[PDB]
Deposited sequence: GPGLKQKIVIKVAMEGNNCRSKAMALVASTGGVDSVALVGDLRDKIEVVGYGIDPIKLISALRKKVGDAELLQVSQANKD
């Protein structure tokens, strides 16, 4: 059970949220930060490397801030 937090450059918000939400293993996606510019993803068997590459290729810059057990 993973928690991954990604900072994304930002209608890029909705595109990023949709892309992350469509990813295999994902149970939840949430915008966090006062400026809602980080995406928290919780789930199982999520590949963060592929997720970051897909975001970078389809939406814009994206940076891993946290990867942990939830």
Deposited sequence versus model: which ranges have no CA atoms?
1 to 4, 15 to 17, 78 to 80
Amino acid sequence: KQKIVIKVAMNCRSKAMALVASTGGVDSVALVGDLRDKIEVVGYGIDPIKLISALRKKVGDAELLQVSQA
From here on, numbers count along this sequence of modelled residues.
Quick check: 54 to 62 versus 17 to 25, which has the larger average CA B-factor in the record?
54 to 62
Once the chain's modelled residues are ordered by C-alpha B factor and cut into thirds, is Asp37 in the lowest, middle or highest one?
middle
